[PDB]
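Worksheet: one structure, shown below.
Only the coordinates and a few stated rules stand behind these numbers; no lab work does. Here the Cβ positions follow ideal geometry from the backbone for every residue, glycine too, while neighbour counts run over all protein chains shown.
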Amino acid sequence: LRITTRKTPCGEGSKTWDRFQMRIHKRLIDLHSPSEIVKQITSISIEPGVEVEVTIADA
Amino acid sequence: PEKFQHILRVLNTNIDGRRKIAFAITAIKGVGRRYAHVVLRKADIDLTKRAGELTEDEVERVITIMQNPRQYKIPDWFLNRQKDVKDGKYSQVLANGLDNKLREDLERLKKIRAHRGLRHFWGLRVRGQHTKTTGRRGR
Amino acid sequence: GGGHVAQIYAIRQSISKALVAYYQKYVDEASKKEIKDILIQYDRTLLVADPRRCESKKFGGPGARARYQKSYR
Amino acid sequence: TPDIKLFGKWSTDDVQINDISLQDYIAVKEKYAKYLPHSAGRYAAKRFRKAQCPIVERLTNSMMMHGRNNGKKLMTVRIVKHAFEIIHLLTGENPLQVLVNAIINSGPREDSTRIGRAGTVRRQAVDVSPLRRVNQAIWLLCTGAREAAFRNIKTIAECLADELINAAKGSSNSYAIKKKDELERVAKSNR
Amino acid sequence: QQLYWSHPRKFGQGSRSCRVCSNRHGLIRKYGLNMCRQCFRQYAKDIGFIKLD
Amino acid sequence: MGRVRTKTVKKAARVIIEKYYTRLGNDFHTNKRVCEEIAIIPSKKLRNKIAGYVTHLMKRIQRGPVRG
Amino acid sequence: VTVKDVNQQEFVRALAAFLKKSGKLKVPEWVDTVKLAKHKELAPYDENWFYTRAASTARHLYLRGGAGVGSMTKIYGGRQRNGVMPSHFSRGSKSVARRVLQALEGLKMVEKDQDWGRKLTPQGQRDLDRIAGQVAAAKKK
RNA sequence: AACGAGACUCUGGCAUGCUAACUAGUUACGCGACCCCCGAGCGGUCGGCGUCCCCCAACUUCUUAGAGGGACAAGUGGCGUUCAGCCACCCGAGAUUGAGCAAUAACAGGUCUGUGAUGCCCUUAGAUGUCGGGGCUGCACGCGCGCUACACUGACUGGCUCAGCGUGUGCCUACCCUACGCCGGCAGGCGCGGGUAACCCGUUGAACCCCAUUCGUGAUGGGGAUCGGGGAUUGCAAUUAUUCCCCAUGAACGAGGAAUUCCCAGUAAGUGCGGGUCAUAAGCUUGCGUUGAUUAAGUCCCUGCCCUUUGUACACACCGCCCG
């Protein structure tokens, strides 16, 4: 995500800008096993603010 | 070879035999290069030779195919004028008639005295354009 | 990838190394050592690669170095 | 021939440098003969690095100038292949020996520069490097063909091959051998 | 009282408003902004971004 | 060019040679790995420097006495 | 031979002539009034441009997986000089390409196959590689 | 001893080492199908061309992103007090690939029209707080940033062939990106389908460039200003022409005074594209690819800056100060 915008409010003086960036990350682990023990063990044992999305099927 | 003739006169403008046929014809007003490469092909003649190599029989046909374009199946959209306005038809206008037609539409827009004719008579730009930094004759 | 030009240098650079690798794996050293001396003599990036790629633009210019005109009056 | 590239048809053997001064900045055949003039884009990151690359390539580089022709090195090579072709039909030589004479005959022997005294223009005569001579001579003759074909029916290829003849045999019908002698005529005066 | 109070605002620079106070002039939409560039800067520290380049 | 060593390098380089004189070789790579184990240098590029100066000192210490 | 082997400048100039002999291609009436793209400033010099373009149509279908009237135009489009404004790319005509592909399909050298695009008939693929060797027979590859 | 410098963060450049992948590929067959004998042979087979078929196949080189390693003036030769360092060379990616962050003290610099930040003053019902219309585009003139041009190293018409950074409806309040089919010269219309996105658009089938015709040194077919008529799209509304398209009209301009700007390697220049603003619309700005030179390896001459010494009637500091 890029945001390239003025560094000066009410533009005056030498023309300057500022690059901000956010880096997202995705990665996924595919399991094939009963849906019970997965949904049991998955939602627990997570310390940080990190999201998880369980899917019924994809393959 | 082919020493027969060169510069000639046709309707209202003198056309040289020096240049290629299509490009030679364009000098006559109301005919652009795009308009001529059509009319030559409806006439079914070469455009790969000079205008001084055309015969009198051939050029007699050219002006007929030109001045009745709808009747030789050149489309209506491909004309200069579609429903002129207050004349009721599709038309194709050529050299000295073009100027006469043009001067009428100027006169008309000062007759009604719209914004148009006033800008014309004052000698200022008709279309949406700035005149603050555009012009000079004066300075 | 690349344009019309840079592709030509890529296909040359690969076929040069391809030939070498075939000798490096199935034939002895002294076969390919010879071939290495020949190519690297007129080296032109046959067995090596440029590290040069485009630099990133910064503001106040249309290029990375070139700048907009400056007026004092 | 099987161990040393020609030019695609033109021998780089039977090619000499007929000065002892300007060789080791003119070379074309020690192993530096190649099928085409092109580089990977290494030509300069040291002062000595400029010298090494061929004379025929240097000629192609300085041929594309003045805005609309920059970054069109392939179009430029078209003009050079016709040049040698026209030179060979027209006079009949190894057409590289033409070019080597054309470069050597166009390089100045003495040159002037500026020196600041009393807030008024005074000039001083000084000498010139062999590397300077080569750079200057390549510049001068390429300006000729560029100039001539700016309103002539003649193509730049034709103009350029004519310009190498009149340089290779001095005759002062070229833009180069004229402009060479102008500099030296100044260098005599203020010295 | 009145039979009108409003007139079509459905597009343009007047039918969107930025979150300073309903400020404008400073046309903004990006990636779901609706957020004013002056205050965006003050939320460089706040979450959405940390400056790294 | 440039790249004249700073004082942060020259301060710790002397210290590391005084108290671990025995562990030193005169090869770059061996003297690197020793500095990695007898201390932690929190950067990687910094580590590659302090080793190289430790090496360059150890050359001279095998001649007459250093005054630092 | 495969059509890959030969030059392609030569390929079209024999394939265009081939079609016009055999009575193939029912042409549109509009062919002498047609700019041919939005980014041109003139009609073609050529008087048999339709025959030439149908050659280039059938060739690309041999290579790639086949695509409709939209994609053919994108392959042909070029640069548009807008005068005083800076140049930009744009796409050409559509209704010409829509007559080309339907005219080919009348001969069954192409056919609307599955996966959103016309693909060239085995009879078509036979005829391409047949004249591909005729190129090598002619000059000498 | 401390702050700045450096160290640091990000980015580029080196991995057939490590980690693992039908929302990424490759190879291998199994193949069966299509194709042409095109080559040995006969058409089969062997070889060649891509696509479907692909797996319970094999692998991770290519693509992707994580953990690690690698470069240190390390080695050698000169030079230096032989110190700190400097120059050349081997290996090779050479000790500088480009950005982010940045001190003390100051300016009567900009911003009360970013701020439900804010003092004081003013105004507050005949309101400086709402609807309708007009204007910010009005021209005898002066200046700045740019765009397009003055042709043959070109224009024009066909043919061939290559890319990357991104972005996209389910959001603001009514709205996205588009394949495919059909109709139209074109702008465009119409019918269906996909895309929460390494999944669909898009194997982004882009330009310059490349290959073949035509024009001929002619203000020419170079240039496309001005201007007439007609057709579409957005919107509640398009007139002082919103934008887009078609035909016609065809100007200045044929390399530019005094002056002046910017730039050292994938850099300058040429050339296209994405994002930003956006109901409709970039000659702007911000990023990205593609083609890719000439010239330098220096100096204090000009302009300016850092350090020391010196002189001063200056300290509102030479734009200062001061005399008849």
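Membrane-span-like helices in chain D: DSSP H runs reaching 24 Å or more (Cα, own axis), mean Kyte hydropathy at least -0.5?
Span-like helices in chain D: D:73-90, D:130-148.
Rounded to the nearest 500 deg cm²/dmol, what is the calculated helix-only ellipticity per residue at 222 nm for chain D, with -39500 (n - 2.57) per DSSP H run of length n ≥ 4?
Mean residue ellipticity at 222 nm (helix-derived): -14000 deg cm²/dmol.
Between F:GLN62 and D:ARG42, what is the label-point separation in nm under the 7 Å Cα-to-beta-carbon projection?
Result: 3.5 nm between the two label points.
Along the charge dipole of the protein assembly as shown, Cβ charges K/R +1 and D/E -1, which of G:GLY78, D:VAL80, F:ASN26 sits furthest on the positive end?
About the Cα centre, the residue reaching furthest to the positive side is F:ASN26.
So for the stretch G:1-140, what are the equivalent ellipsoid semi-axes in whole Å, largest first, each being the square root of 5 times an eigenvalue of the Cα gyration tensor?
After scaling each eigenvalue by five and taking roots: 27, 18, 16 Å.
What range in chain G is the longest one free of chymotrypsin sites (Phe, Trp or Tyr not before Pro) that are in a loop by DSSP and have at most 16 other Cβ atoms within 10 angstrom?
Longest site-free region, per DSSP loop and neighbour criteria: G:46-115.
For the stretch B:1-75, what is the largest minus smallest coordinate of the Cα atoms on each principal axis, given in angstrom and ordered from greatest to least?
Principal extents (largest minus smallest coordinate, Cα): 38, 23, 19 Å.
Once each part is reduced to its C-alpha centroid, what is the distance from chain A to the stretch D:115-191 in angstrom?
Rounded to whole Å, the Cα centres lie 66 Å apart.
On alpha-carbon atoms, Rg over Rh for the stretch F:7-62 using Kirkwood Rh?
We get a ratio of 0.90 for the stretch F:7-62.
Chymotrypsin sites (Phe, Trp or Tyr not before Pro) within the stretch D:35-72: which are DSSP loop residues with at most 12 other Cβ atoms inside 10 Å?
Passing sites in the stretch D:35-72 are D:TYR35, D:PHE48.
Quote the relative contact order of the stretch D:58-191 in percent (integer), defining contacts as alpha-carbon pairs under 8 Å separated by 6+ residues.
Worked out over the stretch D:58-191, it gives 29 percent.
Calculate, in whole percent, how much of the Cα-Cα pair population of chain D lies beyond 29 Å.
So the portion of pairs separated by more than 29 Å is 26 percent.
Let a ≥ b ≥ c be the square roots of the eigenvalues of the Cα gyration tensor of chain C; is it rounded (a/c under 1.5), or, if not, prolate (a/b larger than b/c) or oblate?
prolate
Once phi is turned into θ = phi - 60°, what whole-Hz ³J(HN,Hα) does the Karplus curve with 6.51, -1.76 and 1.60 give for every residue of the stretch B:40-49, x standing for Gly and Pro?
5, 8, 4, 7, 6, 9, 4, 10, 10, 8
List the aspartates and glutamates whose alpha-carbon lies under 13 Å from that of B:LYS86, not counting same-chain residues fewer than 8 positions away?
B:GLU104, B:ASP105
Within the set of other residues whose C-beta is less than 13 Å from the C-beta of F:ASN26, count the net charge using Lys and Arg as +1 and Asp and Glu as -1.
My count for the surroundings of F:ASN26 gives +4.
Taking chain E, which chymotrypsin sites (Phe, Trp or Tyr not before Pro) meet the DSSP loop condition and have no more than 10 other C-beta atoms within 10 Å?
E:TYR4, E:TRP5, E:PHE11, E:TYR31
Between G:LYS24 and B:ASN68, what is the label-point separation in nm under the 7 Å Cα-to-beta-carbon projection?
In this crude label model, B:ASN68 to G:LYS24 measures out at 4.1 nm.
Compute the whole-percent fraction of alpha carbon pairs in the stretch G:22-73 spaced more than 12 Å apart.
The answer is 72 percent, as a whole percent.
Longest exposed-loop-site-free stretch of chain G, with GluC sites (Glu not before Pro), DSSP loop and at most 15 other Cβ within 10 Å?
Of all site-free stretches, the longest is G:48-141.
With +1 on the Cβ of every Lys and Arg and -1 on the Cβ of every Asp and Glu, and nothing else charged, how large is the dipole of the stretch B:76-139 about its Cα centre, in debye rounded to the nearest 20?
Computed about the Cα centre, the dipole is about 580 debye.
Normalised radius of gyration for the stretch D:1-46, please: alpha carbon Rg relative to 2.2 N^0.38 Å, two decimal places.
Rg over 2.2 N^0.38 Å, computed on Cα atoms: 1.31.
State whether the stretch D:102-163 is rounded, prolate or oblate according to the following rule on the C-alpha gyration tensor (a ≥ b ≥ c being the square roots of its eigenvalues): a/c under 1.5 gives rounded; otherwise a/b larger than b/c gives prolate, and the remaining case gives oblate.
The shape class here is oblate.
If R₀ is 35 angstrom, what is the calculated FRET efficiency for the pair C:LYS58 and B:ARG136, using the beta carbon separation as r and rounding to 0.05?
0.35
What's the percent breakdown of Cα-Cα distances in chain E across 10 Å bins, shortest bin first?
20, 40, 23, 12, 4, 1
At 7 Å along the Cα-to-beta-carbon direction for both A:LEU28 and D:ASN70, put a label point, then send me their distance in nm to one decimal.
According to this spin-label approximation, the distance is 4.9 nm.
On a 0 to 90 degree scale, rounded to 10, what angle separates helix C:29-41 from the longest Cα axis of chain C?
With rounding to tens, the tilt is 30 degrees.
Give me the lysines in straight-line cross-link reach of D:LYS154: C-alpha distance below 18 Å, same-chain residues under 8 apart excluded.
Here the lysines satisfying the reach criterion relative to D:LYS154 are D:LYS81.
In the Gaussian network model of chain D, springs joining C-alpha atoms below 10 Å, which of D:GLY41, D:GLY92, D:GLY107 carries the largest mean-square fluctuation?
D:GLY41
Nearest 500 deg cm²/dmol is fine: what mean residue ellipticity at 222 nm does chain B get from its DSSP H runs of n ≥ 4 alone, each adding -39,500 (n - 2.57), divided by its residue count?
-11000 deg cm²/dmol
With Rg and the Kirkwood Rh both taken from Cα atoms, where does Rg over Rh land for chain A?
Here the Rg-to-Rh quotient is 1.33.
How high is the relative contact order of chain F, given as a whole-number percent (alpha carbon pairs under 8 Å, six or more residues apart)?
36 percent
Taking amide hydrogens as modeled 1.01 Å from N in the peptide plane, which residues meet the under 5 Å criterion relative to A:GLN21, leaving out close sequence neighbours?
E:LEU52, E:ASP53
Which log10 I(q)/I(0) values, to two decimals, does the protein assembly as shown give at q = 0.10 Å⁻¹ under the Debye formula with one point per Cα?
-1.52
Dividing the alpha-carbon Rg of the stretch D:25-88 by 2.2 N^0.38 Å yields what?
Cα Rg divided by the expected 2.2 N^0.38 Å: 1.18.
Per the Kirkwood formula on distinct C-alpha pairs, the Rh of the stretch B:76-139 is how many angstrom?
14.1 Å
Calculate I(q)/I(0) for chain B by the Debye formula, one identical point scatterer on each C-alpha and no solvent, and give its log10 at q = 0.10, 0.15 Å⁻¹ to two decimals.
Scattering profile of chain B, log10 relative to I(0): -0.50, -0.86.
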